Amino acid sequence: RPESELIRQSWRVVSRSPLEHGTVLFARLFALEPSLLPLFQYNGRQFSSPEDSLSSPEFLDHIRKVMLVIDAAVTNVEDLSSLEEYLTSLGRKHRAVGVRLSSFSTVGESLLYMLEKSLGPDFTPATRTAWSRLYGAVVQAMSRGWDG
């Protein structure tokens, strides 16, 4: 595909500083859906404000985990059926922690935001479409973890 190449190329820019980019993703996410903040409970405590999350080593480790899963999806963009079982279990895990499946579309929008701000004029409508499709396929796999 041409789509798969637009993904690979766009990601190369982002994957050189994944925490920096990931931080954009989550900052945006909390700006859109502040009700997600209490779901990151480390040591039984909740963050009061979004900026509190950015000082947590464990939250930052979750950003790195996120970025690594997306990297896995990109690496496998030609065939994502190889990550399907893993993504399904990742979905189950997030169900357990309290994440609503609908929140994953906000995460999608946050990812697109982060790509748009990183790439600027290189973020073409076809790049966006490609990434929407990829992210969509990831969430489809993960959604099996809400058994459906």
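Residue indices: 1-based, along the sequence shown.
Between the stretches 100-108 and 117-125, it is 117-125 that shows the larger average CA temperature factor. Just going by the entry, 10-18 versus 129-137 on mean CA temperature factor gives the higher value to 10-18. Note on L68, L80, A27, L90: the highest value goes to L80, judged by CA B factor as recorded.
Sort the chain's modelled residues by C-alpha temperature factor and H62 lands in the lowest third, per the entry. Residue-level temperature factors show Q46 in the middle third of its chain, judged at the C-alpha atom.
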